[PDB]
């Protein structure tokens, strides 16, 4: 038993992290083949004030970049913007480039962060994309360019590169094609997040994890129909649940139907009455149904 937010192992991603610096700015990049992708604000003269990226590009000099893997430095032979990222061509192919694809993450999906500090992989942890295209991670100065990835089908996907933190602490990155999640700008300007919408699929998965782990105080002899729940969800910042089909095995193993847990969500969103669920004090939408199933029962 137990429930912990997991990361998938990091071994294929670690050899791809490089240190990229320009001027007094230092962050991380992703070295694949003979290319390094990193956030374009590494070339900005002053990241604390509004940046004219056309002027920064006009004044850039390739010899002002420093790119390195474990204190061995690479020659930079080309630099281009691609959206909000720089794409650098370097003079050596990464001999540890894994087979990989690029994909974009959608709201409610889980992935892994390899958090890196100035070119060194430091730590690995799981996150879940919020409705507004943000994640709640843990990023400080020096960790831009930290990389999000997910492995599915034994296919490794790179899905995230870290750029900024909003005023409310939410974290904003791009995909590896240089499109910023959520449409945020890579600018030190006040940008508002917008109302967070909880993933109903993930909150049901969480309550099933709680049941499996022996927590059941929130279940009562009450059950809420799917359409009734979806009507409530529309005015309570929860997503609509398309069907209960993803939960069939969990319902069978716990003896609790999804509609029993839809009624729990409605009651618990009002408040827990001072109780906790697996040491959470409010509903958690960071675990997907497949995530829970894999963690509780194996692949």
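Positions refer to the first chain, counted from 1.
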property	result
Unmodelled in at least a third of other entries of this protein, residue 234	no
No coordinates for residue 252 in a third or more of the other PDB entries	no
Which of 266-274 and 53-61 has higher mean CA B factor, as the PDB entry lists it	266-274
Stretch with the greater mean C-alpha B-factor as recorded in the entry, comparing 16-24 against 275-283	275-283
Given 194, 83, 214, 145, the residue at which the Cα B factor reaches its maximum	194
Candidate set 78, 96, 228, 200 [ranked by C-alpha B-factor, highest]	96
Residue 253 - which third its CA temperature factor falls in, relative to the rest of the chain	highest
Within-chain third of residue 74 by Cα B-factor, per the entry	middle
Assigned third (lowest, middle, highest) for the C-alpha B factor of residue 103	highest
Chain thirds of CA B-factor: placement of residue 132	middle
Chain third (lowest, middle, highest) by recorded CA B-factor, residue given as residue 293	middle
